[PDB]
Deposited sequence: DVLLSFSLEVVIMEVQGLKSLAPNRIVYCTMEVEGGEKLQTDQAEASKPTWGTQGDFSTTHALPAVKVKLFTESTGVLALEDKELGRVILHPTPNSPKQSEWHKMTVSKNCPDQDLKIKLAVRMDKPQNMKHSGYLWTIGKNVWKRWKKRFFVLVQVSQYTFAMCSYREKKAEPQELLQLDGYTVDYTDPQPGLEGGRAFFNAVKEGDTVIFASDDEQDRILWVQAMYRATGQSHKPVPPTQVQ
């Protein structure tokens, strides 16, 4: 019921390491997100395996898996390699070279593909990232999870953790009534560098970021999400 909908754009650029194929062999790529949405690039010749192809997808998964497969056609079609990408809304939107897994029955071992993968920021998502966290009633084990701060109403907000390839958060915390602030590193919690918490009558959630620049952005975002009057006290 706390649903996000992301635009996912995949721009397949080119491949390198395609030496075995004849120059006039047709190559193309398929790009798919788990859930049903699949797209193909145009046909390219092996002499020039390049596409300026933008594939526009759309998913409910904050942590989707993007499977890109390279094919040569003409007995079905032969897959020459694949990559599986795991992008987040914070992932780099630059073009990136990736190594493709090759069946080792074809001599294209240094076979790589250049790719851009972009997840847009929907308007009801205020902030996302990975965080160390433990709580009294939710996230009851010190563990790093992926979080999204979703605006669930004109005045209500929610801290939502997600698992891989899930449309709905695994757990969530309604932030109304909570007070967030920076805290000194809490003892006995192995993992986490820059700590903070969300606290209220009855509940306490401990948070830790790996970097303090990432902690500042979180604490400030959550301060506005809770509507607390207490201003956080940084170090």
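Engineer: Do you know which deposited regions have no coordinates at all?
Structural biologist: Counting from residue 1, the stretches without coordinates are 75-79, 241-244.
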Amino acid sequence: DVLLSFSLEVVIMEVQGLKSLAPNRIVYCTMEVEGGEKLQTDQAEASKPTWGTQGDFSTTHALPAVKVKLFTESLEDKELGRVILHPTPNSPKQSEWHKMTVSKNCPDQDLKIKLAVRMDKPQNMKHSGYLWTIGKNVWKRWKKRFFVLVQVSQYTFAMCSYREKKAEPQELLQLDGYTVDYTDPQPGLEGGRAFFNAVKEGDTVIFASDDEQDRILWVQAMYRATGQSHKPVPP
From here on, numbers count along this sequence of modelled residues.
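Engineer: Between 138-146 and 105-113, which has the larger average Cα B-factor in the PDB entry?
Structural biologist: The stretch with the larger mean CA B-factor is 105-113.
Engineer: Name the third of the chain's ranked CA B-factors that contains residue 59, choosing lowest, middle or highest.
Structural biologist: Its C-alpha B-factor belongs to the middle third of this chain's values.
Engineer: Going by the entry, which third of its chain does the Cα temperature factor of residue 158 land in?
Structural biologist: Tercile = lowest for this residue's CA B-factor.
Engineer: How does residue 13 rank on Cα B-factor within its chain, lowest, middle or highest third?
Structural biologist: CA B-factor rank for residue 13: middle third.
Engineer: Check where residue 72 lands among this chain's C-alpha B-factors and tell me if it's the lowest, middle or highest third.
Structural biologist: It belongs to the highest third of the chain when residues are ordered by C-alpha B-factor.
Engineer: Based on the deposited C-alpha B factors for this chain, I'd like to know if residue 43 is in the lowest, middle or highest third.
Structural biologist: It falls in the top third of the chain.
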